[PDB]
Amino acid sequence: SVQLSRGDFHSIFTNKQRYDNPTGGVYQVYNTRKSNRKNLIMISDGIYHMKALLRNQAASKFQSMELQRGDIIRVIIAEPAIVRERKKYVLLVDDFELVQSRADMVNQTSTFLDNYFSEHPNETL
């Protein structure tokens, strides 16, 4: 249907050029939660899923678009974060655009990014 940025979450946290400008990726919403906890979502690059915290315009758009699992987005403004004392990975997303609503799930059984880096402690930035 639409092509996701396969494996890009791995790139963001292993390549410093990508870490420093983690934008333009096309990802699929993997899960959402039913007050600021609403803005934490799960996204999928087709291979990995990871947590994303929507802020600012992205949090506004989450409300105005009724963003849900299956939606495909393109991240426009973002920065990575690693909570190193909990080994948690997050993409802080300040703006995105909607690519396709309610697309068929690309990979229903992806690898949680944080689990992959728990087994790859030397590759992670």
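All residue numbers are counted from 1 along the displayed sequence.
Unmodelled stretch separating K34 from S35: 4 to 9 residues (count of deposited-sequence residues without coordinates). Stretches 89-97 and 64-72 differ in mean C-alpha B factor, with the higher average recorded for 64-72. With 79-87 and 46-54 compared on mean CA B-factor from the PDB entry, the stretch scoring higher is 79-87. Among the modelled residues of its chain, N107 has a C-alpha B-factor that falls in the highest third, as given in the PDB entry.
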